[PDB]
Each structure stands twice: as structure tokens, then as C-alpha cells.
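Peer 1:
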Amino acid sequence: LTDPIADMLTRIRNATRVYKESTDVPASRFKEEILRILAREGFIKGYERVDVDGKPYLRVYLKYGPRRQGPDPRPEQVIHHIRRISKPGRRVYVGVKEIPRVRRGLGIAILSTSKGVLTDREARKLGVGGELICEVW
Amino acid sequence: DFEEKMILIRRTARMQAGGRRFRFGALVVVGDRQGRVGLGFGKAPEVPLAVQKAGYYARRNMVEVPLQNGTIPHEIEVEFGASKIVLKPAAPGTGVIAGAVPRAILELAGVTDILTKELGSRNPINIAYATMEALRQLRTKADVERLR
Amino acid sequence: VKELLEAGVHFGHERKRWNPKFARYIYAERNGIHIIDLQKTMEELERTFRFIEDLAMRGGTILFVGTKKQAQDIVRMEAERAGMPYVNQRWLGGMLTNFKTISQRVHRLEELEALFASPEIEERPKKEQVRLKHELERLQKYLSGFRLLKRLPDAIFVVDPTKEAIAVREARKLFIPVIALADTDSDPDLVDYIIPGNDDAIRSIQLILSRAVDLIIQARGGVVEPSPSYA
Amino acid sequence: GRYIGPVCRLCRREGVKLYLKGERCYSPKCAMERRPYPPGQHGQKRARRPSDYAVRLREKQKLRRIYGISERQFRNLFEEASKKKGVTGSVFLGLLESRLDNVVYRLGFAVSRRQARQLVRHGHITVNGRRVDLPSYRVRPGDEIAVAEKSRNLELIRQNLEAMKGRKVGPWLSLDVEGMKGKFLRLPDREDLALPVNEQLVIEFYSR
RNA sequence: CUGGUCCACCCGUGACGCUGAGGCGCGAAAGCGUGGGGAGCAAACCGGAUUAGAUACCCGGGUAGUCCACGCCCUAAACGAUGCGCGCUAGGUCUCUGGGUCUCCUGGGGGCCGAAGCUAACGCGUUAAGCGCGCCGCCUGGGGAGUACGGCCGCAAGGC
RNA sequence: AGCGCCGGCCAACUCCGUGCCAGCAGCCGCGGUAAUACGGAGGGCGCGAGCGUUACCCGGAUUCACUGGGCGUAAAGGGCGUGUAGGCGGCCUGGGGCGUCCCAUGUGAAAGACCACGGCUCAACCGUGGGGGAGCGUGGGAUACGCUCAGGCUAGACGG
Ligand code: SF4
Ligand SMILES: [Mg+2]
Ligand SMILES: [Mg+2]
Ligand SMILES: [Mg+2]
Ligand SMILES: [Mg+2]
Ligand SMILES: [Mg+2]
Ligand SMILES: [Mg+2]
Ligand SMILES: [Mg+2]
Ligand SMILES: [Mg+2]
Ligand SMILES: [Mg+2]
Ligand SMILES: [Mg+2]
Ligand SMILES: [Mg+2]
Ligand SMILES: [Mg+2]
Ligand SMILES: [Mg+2]
Ligand SMILES: [Mg+2]
Ligand SMILES: [Mg+2]
Ligand SMILES: [Mg+2]
Ligand SMILES: [Mg+2]
Ligand SMILES: [Mg+2]
Ligand SMILES: [Mg+2]
Ligand SMILES: [Mg+2]
Ligand SMILES: [Mg+2]
Ligand SMILES: [Mg+2]
Ligand SMILES: [Mg+2]
Ligand SMILES: [Mg+2]
Ligand SMILES: [Mg+2]
Ligand SMILES: [Mg+2]
Ligand SMILES: [Mg+2]
Ligand SMILES: [Mg+2]
Ligand SMILES: [Mg+2]
Ligand SMILES: [Mg+2]
Ligand SMILES: [Mg+2]
Ligand SMILES: [Mg+2]
Ligand SMILES: [Mg+2]
Ligand SMILES: [Mg+2]
Ligand SMILES: [Mg+2]
Ligand SMILES: [Mg+2]
Ligand SMILES: [Mg+2]
Ligand SMILES: [Mg+2]
Ligand SMILES: [Mg+2]
Ligand SMILES: [Mg+2]
Ligand SMILES: [Mg+2]
Ligand SMILES: [Mg+2]
Ligand SMILES: [Mg+2]
Ligand SMILES: [Mg+2]
Ligand SMILES: [Mg+2]
Ligand SMILES: [Mg+2]
Ligand SMILES: [Mg+2]
Ligand SMILES: [Mg+2]
Ligand SMILES: [Mg+2]
Ligand SMILES: [Mg+2]
Ligand SMILES: [Mg+2]
Ligand SMILES: [Mg+2]
Ligand SMILES: [Mg+2]
Ligand SMILES: [Mg+2]
Ligand SMILES: [Mg+2]
Ligand SMILES: [Mg+2]
Ligand SMILES: [Mg+2]
Ligand SMILES: [Mg+2]
Ligand SMILES: [Mg+2]
Ligand SMILES: [Mg+2]
Ligand SMILES: [Mg+2]
Ligand SMILES: [Mg+2]
Ligand SMILES: [Mg+2]
Ligand SMILES: [Mg+2]
Ligand SMILES: [Mg+2]
Ligand SMILES: [Mg+2]
Ligand SMILES: [Mg+2]
Ligand SMILES: [Mg+2]
Ligand SMILES: [Mg+2]
Ligand SMILES: [Mg+2]
Ligand SMILES: [Mg+2]
Ligand SMILES: [Mg+2]
Ligand SMILES: [Mg+2]
Ligand SMILES: [Mg+2]
Ligand SMILES: [Mg+2]
Ligand SMILES: [Mg+2]
Ligand SMILES: [Mg+2]
Ligand SMILES: [Mg+2]
Ligand SMILES: [Mg+2]
Ligand SMILES: [Mg+2]
Ligand SMILES: [Mg+2]
Ligand SMILES: [Mg+2]
Ligand SMILES: [Mg+2]
Ligand SMILES: [Mg+2]
Ligand SMILES: [Mg+2]
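Residue numbers (UniProt numbering), protein chains in the order written: chain W, 2 to 138; chain E, 5 to 152; chain P, 7 to 237; chain B, 2 to 209.
#1: Let me see if you follow: with CB-CB separation under 8 Å, is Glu79(E) close to chain W or not?
#2: Counting only beta-carbon atoms, is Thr116(E) nearer than 8 Å to chain B?
#3: Among residues of its own chain, excluding the 5 on either side of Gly109(B), which ones have a beta-carbon nearer than 8 Å to its beta-carbon?
#4: Measuring straight from C-alpha to C-alpha, what distance separates residue 1(W) and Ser87(W)?
#5: What residues of chain W sit near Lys179(P), judged by a beta carbon separation below 9 Å?
#6: I'd like to know whether the C-beta atoms of residue 153(E) and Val32(E) end up nearer to each other than 8 Å.
#7: Closest Cβ-Cβ distance between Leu151(E) and chain W: below 8 Å?
#8: Per the contact definition of three or more C-beta pairs closer than 8 Å, is the stretch 110-127 of chain E in contact with the stretch 17-32 of chain E?
#9: Please go through the same chain and pick out, in chain order, the residues whose beta-carbon is closer than 7 Å to the beta-carbon of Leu2(W), but skip the five residues on each side of it.
#10: Taking just the CA atoms, how far does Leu10(W) sit from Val19(W)?
#11: Tell me whether the beta-carbon of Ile100(W) lies closer than 8 Å to the beta-carbon of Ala124(W).
#12: By Cβ distance below 7 Å, which residues in the same chain neighbour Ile108(P) in space, the five residues on each side in sequence not counted?
#13: Report yes if the CB atom of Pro96(E) is closer than 8 Å to the CB atom of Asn73(E), and no otherwise.
#14: How long is the line joining the alpha carbons of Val93(W) and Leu112(W), rounded to whole angstroms?
#15: Under 8 Å by Cβ, that's how I've got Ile89(E) and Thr116(E) pegged, so tell me the actual separation to the nearest angstrom.
#16: Would you call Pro49(E) buried or exposed, if buried means 16 or more other Cβ atoms sit within 10 Å of its Cβ?
#17: Determine whether the Cβ of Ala30(E) lies closer than 8 Å to any Cβ atom of chain B.
#18: Can you pull the DSSP bridge partners for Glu8(E)?
#19: Report the rounded CA-to-CA distance for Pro52(E) versus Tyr68(B), giving the unit in angstroms.
#20: Which chain W residues are close to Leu196(P), counting only those with a beta carbon under 8 Å from its beta carbon?
#21: Any beta carbon of chain E sitting closer than 8 Å to that of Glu192(B)?
#22: In chain order, what residues of the stretch 37-71 of chain W put their CB closer than 8 Å to some CB of chain E?
#23: Sort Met33(B), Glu34(B), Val8(B) and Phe93(B) by Cα distance to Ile204(B) and report the nearest one.
#24: Going by Cα to Cα distance, which pick from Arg66(B), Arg3(B) and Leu21(B) is closest to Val198(B)?
#25: Reducing DSSP to helix, strand and coil, say where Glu49(W) ends up.
#26: Is any beta-carbon of chain W found at less than 8 Å from that of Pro93(E)?
#27: From which residue to which residue does the beta strand (DSSP E) around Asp177(B) run?
#28: Specify the secondary structure class of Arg175(P) as computed by DSSP and reduced to three states.
#29: Can you say whether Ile127(P) is buried or exposed, counting buried as having 16 or more other CB atoms within 10 angstroms of its CB?
#30: Could you say if the stretch 78-86 of chain E and the stretch 130-142 of chain E meet the contact criterion of at least three C-beta pairs nearer than 8 Å?
#31: Is the beta carbon of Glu79(E) less than 8 Å from the beta carbon of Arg104(W)?
#32: At a cut-off of 7 Å, would you count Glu123(W) as near ligand 5, judging by its Cβ distance to the nearest heavy atom?
#33: Rounded to a whole number of angstroms, what is the C-alpha to C-alpha distance between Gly38(P) and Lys22(P)?
#34: Taking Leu174(B) as the reference, which of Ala32(B), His123(B), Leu194(B) and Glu156(B) has the closest Cα?
#35: Can you pull out the residues from the stretch 118-144 of chain E whose beta carbon lies closer than 9 Å to at least one beta carbon of chain W?
#36: Between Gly18(P) and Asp189(P), what straight-line distance do the alpha-carbon atoms span, to the nearest angstrom?
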């Protein structure tokens, strides 16, 4: 594996398209900090440190919409969209003043900064920029 | 009742021995200019029969779009096969800046201030359908907070 | 009105010929045959009937759908006993979605009911008589349970959602709720109020339809004793 | 310069009465009140559905033909309104209104803007004292638009003031009759005028 | 004599990994050089038919070549017209080959039908053309043209 | 008062004349005796001391695609390996602080541009004022990620 972070976001995105109750990602002290923001901003029901075959994992409990009317009774997503911004191929750095407003306000840009993992809102609050991790809505 | 606008009228032909035989199609959008729009594509052996039929489907397929002082809430991009439509929020003084097809939709939808752009295939039929699915995916601050 | 001896009548069947969505209801696979949790079945039986019971004391229509051999006659029993429309033979395409034109054909049935109610012109051609009398036999075979239906149902009840996916689709398109008995081969998500149980043993078809039809009349005025059923 | 031609053919094309003459406009000898159909050989032929473009051309031509103004100056104002803060439609309409020849016609000093121009052009008008012969002057709030006294004692101004005794003039305008002098109070809200023009469509014309 | 590979055990090393501009090797058939071999087959070629003609298709012959050694050539519908590695996203069935307790479960390959999703459609679908990250190669209207000029390779044919 | 245009794009329609002729033409295409498409006329459209043409630049062109594209059959995966440089890289804990982010500070001439006012009777033009940014030098600050050094782990990889 070459991008641990992206893999997680992809594990989540894929798992939500079939409405899994939960899903497992290989653990990391940085993946957690991200997952923390993901839970507080209300994208996921939460997470917990599990083990798979003696190996550390993070189990993520997925959150969806209500049962729906019509031919497609599939509920809406809570995470409609999640994808890497910065990459190993190309590191994306933004100063505070150039931090983008995800979906006119309805979504967040998770960012890694020299003052912890913050959202776009929090970055302007704390007054710092950094590597743009991903955007989610 | 709602206001009707014909978007497209086209002739198509099929083949049989002794010649080609025709059929007309009608793209029809319908709206109240208060946040409720409908799009229907009507096909029939003649022109007015087809337009009528489109209007019937047009009402049979609606979508309640959340205007906010005449503009959509957030930016939306939808691809329908080959065609792509872009929608962007705009200030009061802006007006509607759109191609004829998404314009017809957004005027009857009551949208008065929006920036748009067509991309990819500009097939009117497909562009039309694409724009609806974009509207159908617009969500409010409430809708976003409500889900989470 | 429920029970705990449904395992004394079905507990489900069918092998690894399943729908993977139904997994949440299955307990184990026994003799190479998926066995449905009956505890799970009742839970829904509660939920399902609660919906039915609300519809009964509001007095709203129900459509009974079942055309497999196992549920062939056993619907005509329970449906008339509830006095509500059913389909026993071939479920015609578009009965709900194209109701106006489908029902336009029942007015021919009622038209044949008129003429062959004696006498009005038996001096009509011998071939003409033969045709219409034959035509009556035909219509009766398919439309018997559908004439009772004079408006679009508030819900429909199905024996096999897989077998009657056509029906389920129409109801889905018309926002008409779908209540259904369904074993492991069926799509759970496609059904609103689900009865996860055997849909082949004429035992379980009886228990589920009857106790439904029992629940039907019970909130409509009175109760009755068990219904006719060939063992 | 300006259009300077047969003016009734305009209205007949626009399908609306544009009150471009003054007196004759209200008489039943009006062009519209006799022939409400387009000028030329084919005016009575049954019209075919006007293209999306056609609609926006007309509305712009309408708003422009109202002011008797050249397309350049029309364009330039629109642009100035396109850069300037707020609802572009409002600012454009206001800027079109703040023209001296228009203010002169509005305060009723003249019967037609066409006539209102020559009054400005021939020095017959003044602002805050000084003489102005420029039909394009940008009237601000606080501008005292008066008739030059050397032009006060003239028939044509009298006849036209003799009609301005009790005619009310917009919420953004004041007037002192007899003294032949008025004032520009503020920029006209879109509400203040009910011009036969959906000005949103004008913006949309230029966005091509 | 010798390569790759799979399984089981879960014993050893401690990120030693993935991709890969150049480079290097390998590279079906036909073709070339030197020397063998040569039954059958068979470009070229000869004849017999067919035909308007038949420099073909069919028939009787038939030399290179097809075979071996060593050395060249380096092309292709060299194809899955699908670059390699990795993670995640229902299952149903046929098959090959391992290991368990062998009902069956679990690996690694070979097909078919298919969830989700993709796609212009056809169709793909845990052997992805799904969802993602990394690296390389390649595309930018048809013809002119894989031609010309230059350069490098080749005995030449010719290749890049 | 002129100039261009009135088939579709694209706003503006009728008569005569010609008869694949004469001619029009940016693209689609017009004319072979019923032409809104040629020439003339009337009428109409658009601009206006200008109107049109040619030439070039950007735009439309998301048609070199960083924003923001593609390669099964549309143009496009190298015939296949092996590997150089390069690009990219698992989990944990520390040190450095290069990338990265923050603050202070210097520079970023004037004119132009943007916002406000003002001078020419307006405007064009011009004057006074205001807002700045990138980018680099400097000092101070931060450490999540990328980096680097150091010490560990076994999930990748390899070996028994
Ligand atoms: S008279 Fe005045 S209003 Fe009536 S047509 Fe002539 S110009 Fe327009
Ligand atoms: Mg980007
Ligand atoms: Mg809504
Ligand atoms: Mg399309
Ligand atoms: Mg696409
Ligand atoms: Mg907004
Ligand atoms: Mg295209
Ligand atoms: Mg096109
Ligand atoms: Mg069954
Ligand atoms: Mg001029
Ligand atoms: Mg007027
Ligand atoms: Mg504006
Ligand atoms: Mg008034
Ligand atoms: Mg523009
Ligand atoms: Mg070990
Ligand atoms: Mg060790
Ligand atoms: Mg390699
Ligand atoms: Mg190489
Ligand atoms: Mg070879
Ligand atoms: Mg060979
Ligand atoms: Mg040779
Ligand atoms: Mg040889
Ligand atoms: Mg020789
Ligand atoms: Mg030889
Ligand atoms: Mg021989
Ligand atoms: Mg021969
Ligand atoms: Mg011969
Ligand atoms: Mg010859
Ligand atoms: Mg031969
Ligand atoms: Mg031979
Ligand atoms: Mg030879
Ligand atoms: Mg030879
Ligand atoms: Mg030779
Ligand atoms: Mg081959
Ligand atoms: Mg093959
Ligand atoms: Mg292969
Ligand atoms: Mg190839
Ligand atoms: Mg090709
Ligand atoms: Mg490669
Ligand atoms: Mg075995
Ligand atoms: Mg397999
Ligand atoms: Mg398949
Ligand atoms: Mg599908
Ligand atoms: Mg794709
Ligand atoms: Mg198809
Ligand atoms: Mg499979
Ligand atoms: Mg494989
Ligand atoms: Mg593709
Ligand atoms: Mg060319
Ligand atoms: Mg070319
Ligand atoms: Mg060559
Ligand atoms: Mg070649
Ligand atoms: Mg050469
Ligand atoms: Mg090649
Ligand atoms: Mg022109
Ligand atoms: Mg024509
Ligand atoms: Mg026109
Ligand atoms: Mg005549
Ligand atoms: Mg001639
Ligand atoms: Mg010409
Ligand atoms: Mg003709
Ligand atoms: Mg003629
Ligand atoms: Mg002409
Ligand atoms: Mg022309
Ligand atoms: Mg010029
Ligand atoms: Mg260009
Ligand atoms: Mg570009
Ligand atoms: Mg790109
Ligand atoms: Mg492309
Ligand atoms: Mg690829
Ligand atoms: Mg290949
Ligand atoms: Mg090669
Ligand atoms: Mg290396
Ligand atoms: Mg590195
Ligand atoms: Mg790393
Ligand atoms: Mg470190
Ligand atoms: Mg630093
Ligand atoms: Mg400066
Ligand atoms: Mg001034
Ligand atoms: Mg200045
Ligand atoms: Mg600026
Ligand atoms: Mg600075
Ligand atoms: Mg550190
Ligand atoms: Mg280390
Ligand atoms: Mg390992
Ligand atoms: Mg090993």
C-alpha cells in the first residue's frame, strides 16, 4: 500500500455504497485524528480501536438517511462525497486565506496543520493553514 | 396549473419498405416560478399531440427546488452519461447566465440569479435530464444538519 | 393474534439459492437449507400487522397477490373472507400502473354480467352467444378478484416478491406500500412490511394469510372461528 | 447622433405605445390606436414565434428607443452599471434616468425627450446656475435644474409649464412651478417607474 | 541438467518495498549467411481444366523453404485490440491443483451468469472496463504516411 | 447620411429578371423556368459620421484538460521480461525544523488598474486621496503531514 490515508477514505466510500453497518481500516494515530473530525462533524456514528487477527484496526460505524419512498427504497448518504486533495504524487498546501469553502458551507475540508487536524472553519478560527487532506460532504 | 415552455421539437424517422415514416418528439419543461419544476419528453406521431403528451409527463415528474432569494443553495455538478452541467450560486444583481436548455428549466423554476456552464456532450435531451438530477440533489442548511 | 408455534408450521426452507440481502433474517443452513429465524419473523409480524391493523380500523383496501401453485386457491379463500380484492391466476401487466385501461376491461365483464343475466335478445346469432359465453369464462378466470377493486389500493399483499416482482415494481412506482410473505430467495429491501417465512408450504401460507385476514375483520367489527383450508 | 427619424414605426414594432411625441401620443390619431401592427409590407402577416434572441433584442431596443439614445452610450452605461455595486438592473435604469435630457422631460419642462434634448442643446436649460447644452450630463442628487431666464419668457416653455400645475412628478423629484425650476432628489427605485420593460432580459441580452 | 510456481507449518530477516526514462536479454512465421539433411508438403515455376481472359480459385507435376547446427533478422490481428503493483466493493455455478475435520471449509489458478457501480452503447463486473493511490508508456480530425529528410541498427530484405 | 445585412446559426420578406447560366459563399449549402440563398426593386432589420472587409491576438476550445480530458471496439498500453537513473512508499516513539503554516518587518518606484472625491459646462482626458496582494530578504513562532537523523515493531517484501 502506498497511500494509507486515501485507502481509509476509499474503504469508507466503498462501504457506504452498500450501506454497511460498519467497516474496518488499519489503524494509525493520524487516521484517528481524522476519524475524530469525521465523527464530531457528524459524518459517522463513531469509531473504536479493535483488533483483527491480533492486528490493530479502526472499526467505523456508518451513518445513513431514512428509508425512502418510490422504486428505489435506498436511503440517502450522510457522506455523499469524500476524496483526497493532497496526494503523494502532489502535496497540496494552502495558506489560511486561501482555504476553500466546501459546498458553499455545507461541507468541510479536513486539514493537517501545525496546530492539529482542523476543519476549514477551525483553521480560520485558529488562524493557521496547512496540507489540505480531503473534502467531504 | 403551471407555466409551460417547449425546449425542443425534433423529427425522427424509421424505415419500412417503400419509404421512411416519421415521429415527432417534444422536450417540455414546466414550472410555477416558485421552486417547483417538471421535465417531460413526449413522443407521438404528430407535433401537437406530442407536446401535449410531454406536458402530461412533465407534471408526472416533478422536483421541489429550494430557492433562496432566487438562487440555489450550494454549487452542484452532475454528469448524465456524456453530458455535464455546472451550477453556481449568484448574487441578486447577476441574472441567469445559462445555455438555452438549462435556462428554460431555471426560469420556470423561479431561479433568477445563477451562474451555469455546460460541459461534455451538449445533447439537449441529455443536458436537460442532467440539470434536473442536479436540482434534485440540492440540499439546505437544515437538510444537511438534519441528516447528521 | 400471533403465535410461537410457527415453527410447528414452517420455519422456512430453500437451499443456497438465496438472496444475500436476506442474510440478516436467516439463522443457519441446516440440511443444506437456509433456516429463517422465527424470533425475527414475529418481530416483523408485529410491525407488519400493526400497519395492517391501522388500515383495517380506517377501512382501506388491500390487494392480495399470489399466483404460484402453492398459494393458488388459498388466496381466494382468505381474500373473499376479508371481502378484499386478490389475484389468483396471471397477474396482468399494468393492473396498477395502467389501472384506468385495465379497469376499463372490467366494465366489459359487468357488461357481460348484464346481457347474460337473461334475457335481452337470445335471438342474437348462435355464434355470437357462444363467443360471449366463452368470453365470460375467460374474464372470470383472471378478473374475479379484481372487480372488487374500484380504486388504487392503500397497500398490496404478496406471496412471493421474487415471483411477483412485477407487482412490487408497480406499487413501488405508485408509492403504494408492499406487505409480503418472503423466504430466502426474495429481496428484503424491496418490501416495506415483510413476513420472512416459507412461501411454499401451504401450511405457512395459511397461517400468515389467515391470521392476517383474522386481523382484518377483527378491527372491522367482530371476530370469527378458523377458515376453510385443505391440509 | 440620436435616432432623428420617423418615430411611430418604433412603437408599432415594439407592440407598445412609447410616448415619444408628447401631445399626439394621447390623441386617437396615435399610430398604435389606429394600427397596432408592425411597419411595412408584411405587418399584417401572422407572426411566427420570436426566438429567444428575438425577445431580448426587442426589450433592449425598447428600453433604448425609449430614451432616443445611441447604442454606444447605451452599452457604456450598462457596462458602468455592470461594474457598479448592487442590482445591475436598478443602477442601469437609474443611470439612464439621471441623464439631463431625461430629467428635463421628467420634470415636465418638455412634451418629449426628443424636444427635451433641443431645450438642453439650445442652452434653454441650466443647472445650479451655470448653463448646460449637453444632453448627456449626469444629474446627481441636489442638482437645481432651471430654465435660463433669457429663455423663461418663451411660448414653448410657457405652454408646457401651463400643464405642470398639478401633475405629480415621481417620489425622487421636486418642483417649483412659475419659477420654472426643479430639483433632483434621489436615484429612482425600480418601483418609481413602471416602464414596459422586463429589465432582467436586457442583462441577458448582453451576456451572449 | 534447469527455471518459474502453489500449499501447509507460522520458525528466521526487520520496510530490505512498488514502478521504471535509457540500458540489457528474450522474441511466432517468413526471410538471410556457412555447412548438413531432404519422406511428405509446398512460394516461384510447368502443364491440364474452368473462363470472354484466369498471370487465380480445382486437378497432375514441382524448386526454394519447411527439418538440424552455429550466426543473423527483431516484424505481426506479438490480441484479452485491456501496462504493472496494491487496498476496498453481493453472490450463484462449472473446472484444475493444493491443505484441513473432506458433510464441507480454506488457499492459488481456469471459464460462465450475475449485487453495487461503470459505460456513448455494446458490454465490464473480486480475472473490473467498479471505487482509490503510485509509477511508466501512449493519444490530440481524415488522407498525405509509417512516406520523406537526417540519424542509429542490418550481409541483404529491411527495422527503429 | 451613410454603411452593412434580411436561407439556418442570426434580427429582418415580398415582386420582377436570369434558368447548374450569371453569380453568392464563414460553415451547412444555394442557382438545372415558382430562388425569402444570384442581380435589381419595394419593404424590413442593425448600427450610425460612420458602417463593412482583410490581417493578426485571446475567447468560445474541457480541442494540451494545474483549475479541467483521455487510451476493450472511437485517435491512443510499449511484443514480453530484467533492471539504471528518477518518482512514489507500512505501524510506533523521539531529536532536528528543510519543506509546510503563522506573526512581525523591509522591499514590492512613478504612471496604469480598483474604490472615493474633485477640474475642464459633461465625457474622453486629467488632478488629490484610499485599498492592497503575490514574490524575495530579515527576526520570532508552530510541528499535524512531507523531509531528515535516531531507536523500536511485524501487517508489505524476502528467507527456513
Ligand atoms: S403617437 Fe406617441 S405613442 Fe402613439 S405611436 Fe406615435 S409615438 Fe408611440
Ligand atoms: Mg486539485
Ligand atoms: Mg428539498
Ligand atoms: Mg450526454
Ligand atoms: Mg464520463
Ligand atoms: Mg450563496
Ligand atoms: Mg464533444
Ligand atoms: Mg453540436
Ligand atoms: Mg420461494
Ligand atoms: Mg460618435
Ligand atoms: Mg414614455
Ligand atoms: Mg453588479
Ligand atoms: Mg408616476
Ligand atoms: Mg461577455
Ligand atoms: Mg514468526
Ligand atoms: Mg527482531
Ligand atoms: Mg520491475
Ligand atoms: Mg527499457
Ligand atoms: Mg524471430
Ligand atoms: Mg523460422
Ligand atoms: Mg536463405
Ligand atoms: Mg537457410
Ligand atoms: Mg548465396
Ligand atoms: Mg542449403
Ligand atoms: Mg525433395
Ligand atoms: Mg496453369
Ligand atoms: Mg486456357
Ligand atoms: Mg490473353
Ligand atoms: Mg497444386
Ligand atoms: Mg504434389
Ligand atoms: Mg530460389
Ligand atoms: Mg538459397
Ligand atoms: Mg531469396
Ligand atoms: Mg500470437
Ligand atoms: Mg487468442
Ligand atoms: Mg493473459
Ligand atoms: Mg498494438
Ligand atoms: Mg484502433
Ligand atoms: Mg509498463
Ligand atoms: Mg484435499
Ligand atoms: Mg477462482
Ligand atoms: Mg459476465
Ligand atoms: Mg444494475
Ligand atoms: Mg471512470
Ligand atoms: Mg441499448
Ligand atoms: Mg465469483
Ligand atoms: Mg488471475
Ligand atoms: Mg472506457
Ligand atoms: Mg491536416
Ligand atoms: Mg492528419
Ligand atoms: Mg521506414
Ligand atoms: Mg514496417
Ligand atoms: Mg533515411
Ligand atoms: Mg513498433
Ligand atoms: Mg452586419
Ligand atoms: Mg429556401
Ligand atoms: Mg429571422
Ligand atoms: Mg403574379
Ligand atoms: Mg443570362
Ligand atoms: Mg451579397
Ligand atoms: Mg424550381
Ligand atoms: Mg424566379
Ligand atoms: Mg435577394
Ligand atoms: Mg446571403
Ligand atoms: Mg473601422
Ligand atoms: Mg482562436
Ligand atoms: Mg485552454
Ligand atoms: Mg488533468
Ligand atoms: Mg477527449
Ligand atoms: Mg489506466
Ligand atoms: Mg500487452
Ligand atoms: Mg520493439
Ligand atoms: Mg531506486
Ligand atoms: Mg523518498
Ligand atoms: Mg512515510
Ligand atoms: Mg519524525
Ligand atoms: Mg522549517
Ligand atoms: Mg504602484
Ligand atoms: Mg467634476
Ligand atoms: Mg491616483
Ligand atoms: Mg486586486
Ligand atoms: Mg507584505
Ligand atoms: Mg518532529
Ligand atoms: Mg527506523
Ligand atoms: Mg508478511
Ligand atoms: Mg514464506
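Quick reminder that beta carbons are idealized off the backbone N, C-alpha and C, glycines included.
Peer 2: Reading from the atomic positions:
#1: yes
#2: yes
#3: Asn161, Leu162, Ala164, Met165, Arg168, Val170 and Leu176
#4: Given a span of 2 to 138 for chain W in the structure shown, any question on residue 1(W) remains unanswerable.
#5: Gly71 and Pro72
#6: Any property of residue 153(E) remains undetermined from this structure, which presents chain E solely from 5 to 152.
#7: yes
#8: no
#9: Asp8
#10: 15 Å
#11: yes
#12: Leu98, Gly100 and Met101
#13: yes
#14: Approximately 10 Å, taken between the alpha carbons.
#15: So it is not a contact: roughly 18 Å between Cβ atoms.
#16: exposed
#17: no
#18: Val34(E)
#19: Roughly 42 Å between the two C-alpha positions.
#20: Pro74
#21: The beta-carbon of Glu192(B) is placed no less than 8 Å from the nearest beta-carbon of chain E.
#22: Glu42, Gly43, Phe44, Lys64 and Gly66
#23: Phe93(B)
#24: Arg66(B)
#25: Here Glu49(W) sits in strand by DSSP.
#26: yes
#27: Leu174 to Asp177
#28: helix
#29: exposed
#30: yes
#31: yes
#32: no
#33: 7 Å
#34: Taking only the C-alpha atoms, the option nearest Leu174(B) is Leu194(B).
#35: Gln141, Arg143 and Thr144
#36: 7 Å
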